Amino acid sequence: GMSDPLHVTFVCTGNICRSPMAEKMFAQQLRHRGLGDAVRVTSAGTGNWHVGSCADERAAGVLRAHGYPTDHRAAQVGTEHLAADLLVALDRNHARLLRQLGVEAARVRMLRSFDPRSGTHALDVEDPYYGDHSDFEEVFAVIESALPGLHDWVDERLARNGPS
């Protein structure tokens, strides 16, 4: 069975902060374990803030501080993104837009909603407007906490995707 790779596209306002953060985080882990080609992780922003830009200076420092890659080119929520197998929304609105645009809740999932320590349903994720050292590492924690949930999802889905 020639099962094509997964497609996790994270949707946040800007696509230069939280989205690219998890992008390099668990996706790097994927290829590090041998699943980098088995799952296509991507990202997009509903408001195309820094579309065409690169990862935000704050997140770049965060990732690089922990040894994570930081290269990425921001994209807007488009067709190819809506075609993803998993749209990791960072907020109730982003998720809503994607699904109404052509996606569905089967594909669209909240980033913190993968977090095993979440407890309650996460239909909305925080956002650090204060802009301190805490704000940056905080988001990193959000994502790293979801990676054990995002992993399982992409893994389980990519597994069942193709048969023998």
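Conventions we followed
Residues numbered from 1 in each chain as written, not as in the entry; some residues may be left out. Heavy atoms only, no water. Helix = DSSP H or I, 4+ residues; strand = E, 2+ residues; numbered from the N terminus. Buried < 20%, exposed > 50% of the residue type's maximum accessible area, 1.4 Å probe, protein only. Contact = heavy atoms within 4.5 Å. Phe/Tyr/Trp six-rings, centres within 6.5 Å; stacked < 30°, edge-to-face > 60°. Axes fitted to C-alpha atoms, helices over the stretch in contact; angles between N-to-C directions. Parallel < 35°, antiparallel > 145°, perpendicular 65-115°, else oblique. Left-handed = near helix turned anticlockwise from the far one by under 90°. Nonpolar A, V, L, I, M, F, W, Y, C, P; charged D, E, K, R; others polar.

Solution NMR is the method the PDB entry lists for this structure.

Student: Break down the side chain of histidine 81 for me, with residues and values.
Tutor: Along the chain, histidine 81 turns up in helix α3 (residues 79–82). On the basis of relative accessibility, which here comes to 10%, the residue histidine 81 falls in the buried class. Every residue in contact with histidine 81, bar those within four places of it in the chain, is listed here: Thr9, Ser43, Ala44, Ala75, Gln76 and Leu87.

Student: Summarise the packing of aromatic side chains; cite the residues concerned and give the values.
Tutor: Tallying each qualifying case throughout the model produces 3 aromatic pairs. Taken together, a centroid distance of 6.4 Å and an interplanar angle of 75° make the contact between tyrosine 129 and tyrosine 130 edge-to-face. Each member of the pair, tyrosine 129 together with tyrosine 130, is exposed.

Student: Can you lay out the packing of helix α1 (residues 18–33) against helix α5 (residues 133–161) for me, pointing to particular residues and giving the numbers?
Tutor: Between two packed helices, the angle of one axis relative to the other and the distance separating the axes together describe the packing. The N-to-C vectors of α1 and α5 enclose an angle of 45°; their axes lie 9 Å apart at closest approach. Between α1 and α5, the angle is such that the two are oblique. Crossing hand, α1 versus α5: right-handed. For the pair formed by α1 and α5, the contact residues are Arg18, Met21, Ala22, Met25, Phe26, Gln29, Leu30 and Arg33 on the first element and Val139, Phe140, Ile143, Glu144, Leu147, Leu150, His151 and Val154 on the second. The class makeup of the residues in the contact of α1 with α5 is 11 nonpolar, 2 polar and 3 charged.

Student: Mind laying out the packing of helix α2 (residues 57–66) against α5, listing which residues take part and the relevant values?
Tutor: Direction vectors running N to C along α2 and α5 enclose 60°, while the axes themselves pass 9 Å from each other. Seen from above, α2 lies across α5 with right-handed handedness. Where α2 abuts α5, its residues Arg58, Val62, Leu63 and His66 lie against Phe136, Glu137 and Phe140. The residue makeup of the contact of α2 with α5, split by class, is 4 nonpolar, 1 polar and 2 charged.

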